[PDB]
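Residues in the sequence shown are numbered from 28 upward in steps of one, following UniProt numbering.
Yeah, the Cβ is synthetic: ideal placement off N, Cα and C, and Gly gets one too.
To start, the structure under review is shown below, and the notes come after it.
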Amino acid sequence: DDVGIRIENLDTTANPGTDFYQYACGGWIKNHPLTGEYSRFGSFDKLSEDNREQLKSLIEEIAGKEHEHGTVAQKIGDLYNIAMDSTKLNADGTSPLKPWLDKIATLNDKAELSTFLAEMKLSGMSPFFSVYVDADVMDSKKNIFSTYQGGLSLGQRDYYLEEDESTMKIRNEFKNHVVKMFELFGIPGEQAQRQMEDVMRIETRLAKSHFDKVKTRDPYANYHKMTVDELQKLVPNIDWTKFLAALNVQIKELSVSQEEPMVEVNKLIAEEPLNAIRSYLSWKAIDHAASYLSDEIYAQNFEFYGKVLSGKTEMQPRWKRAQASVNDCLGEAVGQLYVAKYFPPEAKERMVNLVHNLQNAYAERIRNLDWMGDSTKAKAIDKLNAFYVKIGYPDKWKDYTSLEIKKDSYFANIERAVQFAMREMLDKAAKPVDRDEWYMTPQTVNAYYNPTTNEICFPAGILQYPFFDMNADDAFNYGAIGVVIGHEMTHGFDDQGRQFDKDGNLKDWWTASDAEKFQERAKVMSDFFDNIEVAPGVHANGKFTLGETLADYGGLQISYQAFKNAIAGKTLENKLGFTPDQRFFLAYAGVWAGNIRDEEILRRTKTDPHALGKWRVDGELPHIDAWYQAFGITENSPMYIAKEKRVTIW
Ligand SMILES: [Zn+2]
Ligand SMILES: [Zn+2]
């Protein structure tokens, strides 16, 4: 297989035992100058850019030909092309929303809102409040239906309430925007004024009852478990039995994440006349549809949300917005065709085998730890073997048969796609948590171990050069993606992972001895990084970055051990003059190749819990015995530290 590493990345005037990062990556630095718009640019950023061009080219290629009706290619291509057919969008005008606006006008009984609000939810609107289904934070093996404060067009309560002149301007821009939009939908000016006032009055009352975003982030405090009939007593002006039946949700209990905003919804429904409620629901429909109709309507939408609210100066071209629609609403379907082009089953199979080899090597190292007692070692190995390994793309793909894409209107297709997604989410309320369902799409360039689910997810999007190259040999791939995955693996077992059992439920399974001895070993690493000068007269924060430096250490030892196991009994061949062991460490360094501005070095030192790319290499390898052997590092090397001073935590 290919060597994977590239001479253009090296700076071979550097001494490996003096600045290994410079040796392995100095050429990359020289060949990738910062453009001006970025403070940091590394090989992760280069991959993210490469990946967005892959999706653009993929979707255009799919859309350039006709496909068999009902295939994911036909759904992708047709949705893209109907999003792009601006002559039809402009000829159709607002007519695709007429069924919704007519339906809202027939509301004649506040009791009908119970079913109607659920119907709007299924089409992707959230008047008054939001609902969602996800793993119960008190019982990770079960799902729970939750309500959440919502109903605001501006999203944040402060826009409706702060009296400074800057926020007042935003409010008055919103008022003008709502009137202009109603008028674009054929509402006469006098009625558009009156309906805008209804919208502002209602959303301002909702906003007053909301909590700040700071207070809503804790899912354990933003949790109120109760029966359906108890919610029926808390918010009597919605028939929750009908609301839930219209959502096809069959449950006995649910969570009201914030009760006060829900009580305010109850009061709003009681106190506002039905015609003002119709104004608000009509606005929710228009505001949701505003991106999917004519250019005039999109332009007005952008004038407010883009120019006023976001400080943007120019709208994105239609093709970029059409690609976002396809990627955001047919994400996993795009994933199927993405991996068919870029990440074949043999690549998935190689990576799944690699992850299993890392698991086996990690289990071997856990047995030899000198800070973990025997009972804790057994619990750790059992938790590790119970990892949910989600690599490349799903074993269980979403079934898209019930999602129909056809040439009626852009808006009608978006609506069917949202209905499909909402149905799939709400169906989970009745079922136990299914950890084979992917929350990320295959084309995403992100990866993590999740402590609350005990799953490790590495999508095809990140499994590309310089992390993983199907064409490269094991030295390259273990040194690069292998270390990255092993690093994530240690988060099931470190100071964070020890708070969760193998089901993702809260349980502290370390003994007091485990905790004391772990900190004893960890202090070796934090002291070491404390003494690194990341800039003249500026030291690293060894305690703040400890979670990440211990994990890189672990990933290095885990992947190197798995690598030596995988190549056991095979012929070593040097490539580019490097032994396989040397290539392992050169590939590792390349994962962290990067260019960073001087001021960006200072700020990341203040704020970033990850060590800088350079010290993720130069501060980690002096703790790895195998690196000394691979590059002949001796007592006379500036990076050398004595065996008895090296970290031993994994
Ligand atoms: Zn090899
Ligand atoms: Zn980490």
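When rounded, the separation of the alpha-carbon atoms in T62 and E464 is 40 Å.
Inclusion of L233 and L301 in the CB contact set at 8 Å is not warranted, their separation being larger than that value. DSSP places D77 in no beta strand (DSSP E) but in the uninterrupted alpha helix (DSSP H) bounded by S70 to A90. Taking the C-beta atoms as reference points, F329 is found nearer than 8 Å to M342.
For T40, the closest of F156, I313 and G53 by C-alpha to C-alpha distance is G53.
Of the residues assessed, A499 falls on the buried side of the cut-off, its CB having 16 or more other CB atoms within 10 angstroms. Assigned with DSSP and collapsed to three states, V226 falls in helix. Ranking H383, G646 and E291 by CA distance to the CA of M516 puts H383 first.
No Cβ-Cβ contact shorter than 8 Å links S306 with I441.
Selection around ligand 1 by beta-carbon proximity, strictly under 5 Å to any non-hydrogen atom, yields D500, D501, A502 and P607 in chain order. Contact between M449 and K641 does not hold, since their C-beta atoms are separated by about 46 Å, which reaches or exceeds 8 Å.
For the set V472, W536, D635 and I594, the Cα lying nearest the Cα of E80 is the one of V472.
Placement of the Cβ of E515 at a distance of less than 7 Å from at least one heavy atom of ligand 2 is found. Here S436 is buried, its C-beta having at least 16 other C-beta atoms within 10 Å. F527 is a Cβ neighbour of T479, given a cutoff of 8 Å.
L396 sits buried, since 16 or more C-beta atoms from the chains shown fall within 10 Å of its C-beta.
Short note on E575: C-beta closer than 7 Å to some heavy atom of ligand 2. Under the three-state reduction of DSSP, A145 is assigned to helix. As DSSP reads the structure, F485 sits in a beta bridge with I418. Three or more Cβ pairs closer than 8 Å define a contact, and the segment 531–545 falls short of that threshold against the segment 604–623. Between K633 and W127, the alpha-carbon positions lie close to 51 Å from each other.
Nearest to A593 by C-alpha distance, out of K235, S150, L385 and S66, is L385. In this structure the segment 482–494 lies against the segment 356–370, because at least three pairs of beta carbons, one per stretch, are closer than 8 Å. Along the length of the segment 225–302, whole alpha helix (DSSP H) runs at least 4 residues long occupy 240–243, 255–261, 267–273 and 286–298, reported in chain order. At a cut-off of 7 Å, the beta-carbon of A549 does not count as near ligand 2: no heavy atom of the ligand is closer than that. The criterion of a C-beta distance shorter than 8 Å is satisfied by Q327 and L211.
In the displayed model, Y427 falls within coil according to three-state DSSP, outside both helix and strand. No heavy atom of ligand 2 is found nearer than 7 Å to the CB of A474.
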